[PDB]
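Engineer: so I've got this experimental structure, pasted below with the sequence.
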Amino acid sequence: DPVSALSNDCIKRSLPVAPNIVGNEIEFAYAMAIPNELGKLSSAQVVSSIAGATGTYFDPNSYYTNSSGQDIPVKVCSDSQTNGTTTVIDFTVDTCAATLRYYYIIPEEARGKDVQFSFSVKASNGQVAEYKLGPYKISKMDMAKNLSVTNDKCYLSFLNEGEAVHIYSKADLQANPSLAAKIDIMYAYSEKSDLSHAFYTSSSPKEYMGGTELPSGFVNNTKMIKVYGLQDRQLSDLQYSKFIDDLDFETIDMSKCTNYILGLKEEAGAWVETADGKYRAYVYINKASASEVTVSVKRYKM
Amino acid sequence: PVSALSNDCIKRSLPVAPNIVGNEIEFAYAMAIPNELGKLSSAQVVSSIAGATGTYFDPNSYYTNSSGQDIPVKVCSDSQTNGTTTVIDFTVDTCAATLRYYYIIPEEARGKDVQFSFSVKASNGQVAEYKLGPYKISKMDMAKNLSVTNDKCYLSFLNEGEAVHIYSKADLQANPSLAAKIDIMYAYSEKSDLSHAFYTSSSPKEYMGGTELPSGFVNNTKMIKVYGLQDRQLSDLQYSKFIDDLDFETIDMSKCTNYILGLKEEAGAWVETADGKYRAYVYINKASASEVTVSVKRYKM
């Protein structure tokens, strides 16, 4: 026999190796079952230990599996409601068994902390069940994906709050020359393909800059280590990848660093440490053509 | 890869099980549409001979868990049948469902074939359809779980549409003409050699333990006692044993008798009425000193 009463089970769908980054979701599959002759499912709830950001919800579909292992969503609930730590959803369709997906959107206040979860269910015979998961570690990292870099949109800052990188333009600096003090890296493309796509910093040698000039006020001397083919599954969305996590930032050796990088291209990368040692980052080149580069960045505050 | 509304249907009733008037033919009708394109709107079945009252689609879709057990999810409102057509509407959004349809076999289908056309509509305007049959309907009649007692003791296999009818002693006192319709008289004796017995016009006195036939009981029914034929439709047990029309046509009644003693649970009897008009199988569902429960399949020769 299986459980002769309301029962439950819950599995984290998000991968154990994948770091839990602010702004991203942690996804759970919460299964409930009651013998059909005893009653039907009434409601489900999750209480998180730190209130989720806006967008934390239960999807109202139960996901049943066909013979081929593919999902069949059936809309068995009304919309979820979240107040602070607690998300509740009501069944509006009679069923004895369902699996609902819960999405916790990681809030700024969880950065660097642990979060745990208590899932629970009610059925129409007055029975209840409960299932706890966690704690789970939330990363200190920030991440920004698929940002556009061009000869005009060329000034990378790793110093803004909550922003792994920000790309300032030449227009931004003409308007607000003070922004030059926040700039860590200047991108330039040269048609000499010994220079090609380049990252420069305050002390880059004039010899390797192919005519590019730093704006006045660009005084940060950023440390950089050029890499190729170091892929991160979150930054590149290509599978069988590994993940850069907090410990990798803590333990990267920045001794053998340089003050310029030449020949960037798709899949190239750069480990970065800002002038004052305040932040480290990894800049990944998703794509690069003569007229545009796309970058994605993880940043970690030391 | 499904790229459009699609369907499939399987008959769930077993091929070996005869399709008998009053009973159901059950079908599992599966439908699916890619979820991004829309959702299931409605399902319909048209039978070639209008089903009897009770023909319906169960409003639950049956999904299967990992353990292979059904999960019923109430995704439709009640079905409606008008004549040959049963229609049911989805009231819950889904891209895939399996609904069970039950066709209750009407009298007018007896000895004929019945076929089926299933169809589905989705919210993108697409349709799909699937045909099954024809399926043969039996000529048999079946009556289950009838009460036989020392007073409710006169079995007639002669009534229209009724596999067996149990007349009582009070029935015969009120309507003496009923004796002419009686094929078998049941009696229980406390002599363990006789026990629960069936008798007929020529049963020998010596095996009747003092039971007497009423006057007018003139039919000499042919009988053969059977062991080990727990017909599934008559018994609701697990044995995969089914008496069908051909078995009645071809059963050898040469070595018959005119009485049966020691009836008990799971025993049975092949019967041919005096005029050869009907053959039957009487199954003993259970027996106590005070009451026998019988179920009967009858076939008109």
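Structural biologist: Received the coordinates, thanks. Numbers count the residues shown, from 1 in each chain, chains lettered A, B, ... in the order given.
Engineer: ranges for the helices of chain A?
Structural biologist: A:170-175, A:233-236, A:246-251 (DSSP state H).
Engineer: which strands and helices sit next to the last one?
Structural biologist: I take that to be helix A:246-251. Applying 3 or more C-beta pairs under 8 Å, 6 or more residues apart in numbering or on different chains; DSSP states H and E, we find helix A:246-251 packed against strand A:292-301. Just so you know, the C-beta spots here come from the backbone N, C-alpha and C atoms, and that holds for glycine as well.
Engineer: now, of the helices of chain A, which is deepest in the fold?
Structural biologist: A comparison of these by mean neighbour count, using mean count of other C-beta atoms under 10 Å in any protein chain shown, puts helix A:233-236 on top with a mean of 20.
Engineer: hmm, back to that, nearest to residue B:229, of the helices of chain A?
Structural biologist: Residue B:229 lies closest to helix A:233-236 among the helices of chain A, at 66.4 Å (C-beta to C-beta).
Engineer: helices and strands around the closest one, which ones?
Structural biologist: Using 3+ C-beta pairs under 8 Å, 6+ apart: helix A:233-236 touches strand A:142-149, strand A:279-289, strand A:292-301.
Engineer: the first one pairs with which strands?
Structural biologist: With DSSP bridges as the criterion, the sheet partners recorded for strand A:142-149 are strand A:292-301 (antiparallel).
Engineer: got the buried residues for the strand it pairs with?
Structural biologist: A:293-300 (16 or more other C-beta atoms under 10 Å in any protein chain shown).
Engineer: among those, which pair sits farthest apart?
Structural biologist: A:293 and A:300 (22.4 Å).
Engineer: flag every residue of the stretch 1-150 of chain A that's near chain B.
Structural biologist: A:2, A:33, A:36, A:62, A:64-67, A:72-76, A:93-97 (C-beta under 8 Å from any C-beta of the partner chain).
Engineer: skipping adjacent residues, who's closest to residue A:64 in space?
Structural biologist: Spatial nearest neighbour of residue A:64, chain neighbours left out: residue B:63 (3.9 Å); criterion: C-beta to C-beta, 6 or more residues apart in numbering or on different chains.
Engineer: surely residue A:168 touches residue A:177?
Structural biologist: No - using C-beta atoms under 8 Å, residue A:168 is not in contact with residue A:177, being 11.2 Å away.
Engineer: neighbour count winner among those two?
Structural biologist: Comparing residue A:168 with residue A:177 by neighbour count (other C-beta atoms under 10 Å in any protein chain shown), the higher total belongs to residue A:168, at 19 against 12.
Engineer: the domain parsing of chain A - what is it?
Structural biologist: A:1-142, A:144-301 (curated CATH domains).
Engineer: how far off centre is the last one?
Structural biologist: For domain A:144-301, the distance from its own C-alpha centre to the chain's C-alpha centre is 19 Å (C-alpha atoms, centre = their mean, to the nearest Å).
Engineer: what's the answer for stretch A:6-15, then?
Structural biologist: 22 Å.
Engineer: would you mark the buried spots in it?
Structural biologist: So, applying 16+ other C-beta under 10 Å, buried residues of stretch A:6-15: A:6-8, A:10, A:14.
Engineer: ok, those residues vs chain B, which is closest?
Structural biologist: Closest approach between those and chain B, by C-beta to the nearest C-beta: residue A:7, at 12.1 Å.
Engineer: check contacts around the closest one.
Structural biologist: By C-beta atoms under 8 Å, 6 or more residues apart in numbering or on different chains, the contact list for residue A:7 reads A:32-34, A:129.
Engineer: what about 10 Å?
Structural biologist: Contact partners of residue A:7, counting by C-beta atoms under 10 Å, 6 or more residues apart in numbering or on different chains, are A:31-35, A:97, A:121, A:123, A:127, A:129, A:131.
Engineer: max pairwise distance over the residues you listed: which two?
Structural biologist: Largest pairwise distance in the contacts of residue A:7, by C-beta to C-beta, is 18.4 Å, between A:35 and A:131.
Engineer: so how far is chain B from the most far-flung residue of chain A relative to its centre?
Structural biologist: Relative to the mean C-alpha coordinate of chain A, counting by C-alpha atoms, centre = their mean, the farthest residue is residue A:37 (44.4 Å). Separation of residue A:37 from chain B (C-beta to the nearest C-beta, to the nearest Å): 11 Å.
Engineer: wait, that residue sits on residue A:124?
Structural biologist: No - using C-beta atoms under 10 Å, residue A:37 makes no contact with residue A:124, being 11.8 Å away.
Engineer: list the residues that contact both of those two?
Structural biologist: residue A:96.
Engineer: circling back to that earlier point, any shared contact partners between residue A:168 and residue A:177?
Structural biologist: residue A:215.
Engineer: now the strands for the stretch 101-250 of chain A?
Structural biologist: A:114-123, A:128-137, A:142-149, A:155-157, A:166-168, A:185-189, A:197-200, A:223-228 (DSSP state E, counting those that start in this stretch).
Engineer: helices or strands up against the last one?
Structural biologist: Other helices and strands packing on strand A:223-228, by 3 or more C-beta pairs under 10 Å, 6 or more residues apart in numbering or on different chains; DSSP states H and E, are strand A:197-200, strand A:260-264, strand A:268-273, strand A:279-289.
Engineer: buried sites along it?
Structural biologist: So, applying 16+ other C-beta under 10 Å, buried residues of strand A:223-228: A:223-227.
Engineer: what do you get for the first one?
Structural biologist: By 16+ other C-beta under 10 Å, the buried positions in strand A:114-123 come out as A:115, A:117-123.
Engineer: now that strand, how far from the chain's geometric center?
Structural biologist: 24 Å.
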